[PDB]
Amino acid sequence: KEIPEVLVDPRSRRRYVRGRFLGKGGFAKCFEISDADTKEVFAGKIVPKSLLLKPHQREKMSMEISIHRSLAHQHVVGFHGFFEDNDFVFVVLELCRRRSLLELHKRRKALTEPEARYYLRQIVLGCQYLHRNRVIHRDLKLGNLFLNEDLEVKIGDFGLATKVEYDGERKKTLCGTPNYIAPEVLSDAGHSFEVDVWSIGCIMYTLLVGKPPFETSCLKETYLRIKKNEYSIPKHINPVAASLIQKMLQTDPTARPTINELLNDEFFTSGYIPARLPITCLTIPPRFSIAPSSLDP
């Protein structure tokens, strides 16, 4: 089944022109689309209804939309609406013109500490909003931490997300395999908000070190290292940053910081956080003083 050249909404009679191809997310394909009337450009997620025939996939799609449409925060990908024809489901999302932290990490590898801190603070602010709205993402990775023109982080891809119905509710079932598998998900012990802090722990490590904390050449060794909490922080990592990674990457979920305690860590409160990053930071490391002061030209 071919994808339509123009995407028409039965209800609001809104019509979008299928522009540049952006990429595919497993089962879904993503295109740059523009409203023919207003000329406003969006990120169109397009899922073949042929691949939703399995009821367990319809649950996943409906749950993703239900969660994403209820969210509105400057560090969460905007949800502008959804619709369907008889062949495809169309989801209209905020366009983040600088792709995601995955593309940045592939080009730059290890970031400077101020860059890491700049990105991580926004990731935590976004996740804080989710957790306060009783949402667990359960699949935070570089690839779904999107970047807009101003290099502001936007959390997207709620494909594995669940809503907590009461305070201390623990979940078992996932409709897919998270990128950063927390030890309580691997052991099938039940999980809550703490999985998001684990993945933020893996993300922080990757940004500062330039490679993942657990990932090896084979998944069998990868998952054994996660089970036994076997990872090594290079001595070149600063003591405050090293400390915060150790807090987040703990086997005991109750031992990890909450998202509120995470934001109030010395790493953020006592560390230099740039107000802006120059656009050159996508490809080349920026200059920072040993002791940056807001009393300087």
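Sequential numbering from 1, following the sequence displayed.
- Mean CA B-factor, 234 to 242 versus 49 to 57: the higher value falls on 49 to 57.
- Of the two segments examined, 79 to 87 and 190 to 198, it is 79 to 87 that shows the higher average Cα temperature factor in the deposited entry.
- For residue 26, the recorded CA temperature factor ranks within the highest third of the chain's modelled residues.
- In the deposited entry, the Cα temperature factor of residue 103 sits in the bottom third of values across the chain's modelled residues.
- Looking at the C-alpha B-factors along this chain, the one for residue 139 belongs to the lowest third.
- Ranked by Cα temperature factor within the chain, residue 152 sits in the middle third according to the deposited record.
- Residue 114: CA B factor in the middle third of modelled residues in this chain (values from the PDB entry).
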